[PDB]
Amino acid sequence: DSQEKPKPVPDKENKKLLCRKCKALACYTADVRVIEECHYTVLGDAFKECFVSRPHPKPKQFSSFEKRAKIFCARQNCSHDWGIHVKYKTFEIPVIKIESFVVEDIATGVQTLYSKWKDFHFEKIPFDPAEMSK
């Protein structure tokens, strides 16, 4: 039903991201903001709706941060986990890896999937709480 249409853009110098899973939009670099290059998170319900979070009777795990819930893709695939739900002194947001999704430019369409975070192509940006709420 004429669904093959172009998508809008957030701001200048913006790139789109896909999920290596089924190579489907995951988020946008324009929304992908790192907390002082410590963790990778996105803003907007766009990424909060693209994914999902489940409770489950689980205690906790010993690692950098503390996860009190799991997170998965909202897509049809249920056996496709991206990361988990963690909390930071700053705010409660999920933290994923760099080798979790690909980066497809909207001005090129070239999608790529890194391995290490050291292979970052972004910069440190402060997590605006204004984006969190309405």
# chains A, B, ... in the order shown; residues from 1 in each chain; ligands from 1
>>> select_by_dssp(residues="chain A", states="alpha helix (DSSP H)", output="count of residues only")
10
>>> residues_around(residues="residue 47 in chain A", least_positions_apart="4", cutoff="10 Å", atoms="only C-alpha atoms", output="PyMOL selection string")
chain A and resi 25-28+31-32+41-43+51-52+73-74+94
>>> select_by_dssp(residues="chain A", states="strand (DSSP E)", output="ChimeraX atom specification")
/A:15-19,24-28,32-34,40-42,51-54,66-73,81-87,94-95,102-105
>>> closest_residue(among="A:36, A:64, A:127, A:108", to="residue 92 in chain A", atoms="only C-alpha atoms")
A:127
>>> closest_residue(among="A:58, A:121, A:21, A:33", to="residue 93 in chain A", atoms="only C-alpha atoms")
A:33
>>> residues_around(residues="residue 39 in chain A", least_positions_apart="4", cutoff="8 Å", atoms="only C-alpha atoms", output="PyMOL selection string")
chain A and resi 34-35+95-97
>>> write_last_selection(atoms="C-alpha atoms", output="mmCIF file, in the first residue's frame")
data_model
loop_
_atom_site.group_PDB
_atom_site.id
_atom_site.type_symbol
_atom_site.label_atom_id
_atom_site.label_comp_id
_atom_site.auth_asym_id
_atom_site.auth_seq_id
_atom_site.Cartn_x
_atom_site.Cartn_y
_atom_site.Cartn_z
ATOM 1 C CA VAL A 34 27.367 8.086 24.951
ATOM 2 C CA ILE A 35 27.846 9.039 28.583
ATOM 3 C CA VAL A 95 23.316 -0.008 27.808
ATOM 4 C CA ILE A 96 24.180 -1.863 24.624
ATOM 5 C CA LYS A 97 27.431 -2.663 22.859
#
>>> residues_around(residues="residue 69 in chain A", least_positions_apart="3", cutoff="7 Å", atoms="only C-alpha atoms", output="PyMOL selection string")
chain A and resi 53-55+84-85
>>> closest_atom_pairs(of="range 73-104 of chain A", to="range 109-112 of chain A", cutoff="8 Å", atoms="only C-alpha atoms", output="CSV")
residue,atom,partner,partner_atom,distance
A:102,CA,A:112,CA,4.9
A:103,CA,A:111,CA,4.9
A:104,CA,A:111,CA,3.7
>>> closest_residue(among="A:99, A:37, A:49, A:81", to="residue 125 in chain A", atoms="only C-alpha atoms")
A:37
>>> closest_residue(among="A:130, A:101, A:107, A:123", to="residue 6 in chain A", atoms="only C-alpha atoms")
A:107
>>> closest_residue(among="A:133, A:100, A:77, A:90", to="residue 117 in chain A", atoms="only C-alpha atoms")
A:100
